[PDB]
């Protein structure tokens, strides 16, 4: 499954609403068909049914199953067997074992508890892992907290800390890195801010919970006109330089040039 080839705009779609699968697919780069928290306990069997009977392109679809050790997950895997879906998202991911027990599937580990943050490197390193995501809301919920963001809307420190932990663990083992959802759907400004930053630090994906968010996300992962203009400027300049040199008041060498090239590629 060529996840890196697909866009940065992924979308959660509750699996007990098969009448929306087609549109989610159309609006998003990758759809995450959700059997976990997006669907009530009593609608999960129906959700599983909808999953076998309403196929989306398995090359552009991931299924979030239920957490390790839950009876629900067992049901999910049985139902999954009647689909073409090769990639699953494991919520409350908390150990390498939880990932290993899903072989031979590809696994996107969703770290959203303190235990998962503590075990991030082991989780990322596990052989089936193809990506890591973080979730601020279960994180806060399982910490015994009540709020992931402060007054002004900025993530509180522990959420910011887990975000970095996941980005690092993912990158250290060559895994996709997926940034967290933006629950305030009409906060397009906040979303744009997060998604631009995500792209800047090397996240590959920002996950969305509403289709109106996908265009914002796609736009944000395209380098700004200003940044792109600089990239061309500094690269042209370096053609005439050997090793370190000063450009526009800044010391420039290898990795700075790599940043500019990455910007060009992203466009």
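Positions refer to the first chain, counted from 1.
Other compared entries missing residue 14, a third or more: Modelled in all the others, so no.
Residue 230 coordinate gap across at least a third of other entries: Yes: coordinates for residue 230 absent from at least a third of the compared entries.
Mean temperature factor over C-alpha atoms, higher-scoring stretch between 77 to 85 and 136 to 144: If you average the C-alpha B-factors of 77 to 85 and of 136 to 144, the larger mean comes out for 77 to 85.
Entry-level comparison of average CA B-factors, 173 to 181 and 145 to 153, reporting the higher stretch: The stretch with the larger mean CA B-factor is 145 to 153.
Given 118, 71, 166, 159, the residue at which the Cα B factor reaches its maximum: Of 118, 71, 166, 159, 71 has the highest C-alpha B-factor.
Per the PDB entry, maximal CA B factor within 210, 64, 219, 239: Among 210, 64, 219, 239, the PDB entry lists the largest C-alpha B-factor for 239.
Residue 45, C-alpha B-factor rank within chain (lowest, middle or highest third): Residue 45: CA B-factor falls in the highest third of its chain.
Chain thirds of CA B-factor: placement of residue 214: Its C-alpha B-factor, which the entry lists for residue 214, ranks in the middle third among residues of this chain.
Relative C-alpha B-factor of residue 204, binned into the chain's lowest, middle or highest third: It belongs to the lowest third of the chain when residues are ordered by C-alpha B-factor.
Third assignment of residue 35 from its chain's C-alpha B-factors: Tercile = middle for this residue's CA B-factor.
Residue 191 - Cα temperature factor, lowest/middle/highest third of chain: CA B-factor rank for residue 191: middle third.
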